[PDB]
Every structure is written in C-alpha cells, then in structure tokens.
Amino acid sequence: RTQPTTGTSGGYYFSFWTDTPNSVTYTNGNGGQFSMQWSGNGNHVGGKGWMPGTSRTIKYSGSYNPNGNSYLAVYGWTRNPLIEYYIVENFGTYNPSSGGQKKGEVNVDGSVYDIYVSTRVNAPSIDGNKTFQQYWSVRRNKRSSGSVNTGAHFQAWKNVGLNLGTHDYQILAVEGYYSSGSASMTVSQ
C-alpha cells in the first residue's frame, strides 16, 4: 500500500520510498547528487542509480551521518528469482544483516565484506507482498566514499550459491528505520 516515488534526475534514475512522508525529506540535486534527512518514526529508503542495474563499478562520495537504524549501501533488486541485494558500505547502530546466515567472505575495494543470506516472508517488494531472499555484503571497515565493484560481489555471491535473476533497478541507497540521521551523497561511474 506504499509505492515509491521513482523517476529521473541529473542523468540518473532515482527511487525514494517511505511510509512516513513527514518524517523524511528527500531531495534530488544536480548530477548524481541526492540528500536525505530524517528523524523519528518511519521507514525510509532513497537514492540515485541505474535502471536496470548490471555488473558495473559504482563510484560515490559525500557525507553520511547515522543515528540509530541506518545504512549506506549499493541496493537493488532482481527478478526470477526475486532477490533484494545489499552492498553495505556503511551503517550505524544496527547491523542490517543481523540474523542472516553467513555464506562466506570476500576481499574487494580496500576491505573485507561478510556475505549473508536471509529470507523475508510476506514482505513488501517490487512485486508487492511476497516471500523473497536477501543477499548481503557487509563492509567491515565502514566508509562514506569510494568505489564498488558490483560484479565482484555478484561473482563472490555466485560462488557460495547465491545466484541472481535478471536485474531491476540499482541505486546508491541511504536508509533509516525509526531513527534519526542525514546524508548528502553524490553518485558517479
């Protein structure tokens, strides 16, 4: 019953979703810039990227400041099979991959990522209420700027048996869940 405000801005595809519009302010800037700012109640996920996504190298920079449940990550979806994937570059409080079965590890882009897999039952997705899997690559050394070899993560996932379907959208997402925080992030290739 909540569908995301999608579109184009600065030569990039953008997606911004929230169940509490008054708790969060999402703003598109020139180029690949976007700024999100939130506090209090609500679930907010916003960002800029590509549609569809692929095995590309995603450069990004800017400031990211969390206070509670929040993450800065390369975030996207695939179909057949339906899969939500994360390349968590940064996060606050709470490790978003908590409760995720660890499938392995991978060393890429100046750090080591832990690989997890979890399952969401009867949860909101790009195809509405469905049961789907989530792939996780969590960066041990958090950062707010750098580059992400998504293809490398996809390969490392494919090794441990976490295969993907045909890609939907692929954005640099800032997320906040019943917390406060703010980020000004510019994306690039």
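Heads up: residue numbers just count along the shown sequence, starting at 1.
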What stretch has the higher average Cα B-factor here, 60-68 or 126-134? 126-134
Higher avg CA temperature factor (167-175 vs 16-24, as deposited) belongs to 16-24
Just the C-alpha B-factor column, please: which of 117, 106, 73, 83 has the biggest number? 106
Highest recorded C-alpha temperature factor, please, choosing from 155, 147, 41, 144. 155
Third assignment of residue 94 from its chain's C-alpha B-factors: highest
Assert third(CA B-factor, residue 31) within chain per record equals highest
Thinking about Cα B factors across the chain, which third does residue 189 belong to? highest
Would you check the entry's CA temperature factor for residue 161 and let me know if it's in the chain's lowest, middle or highest third? middle
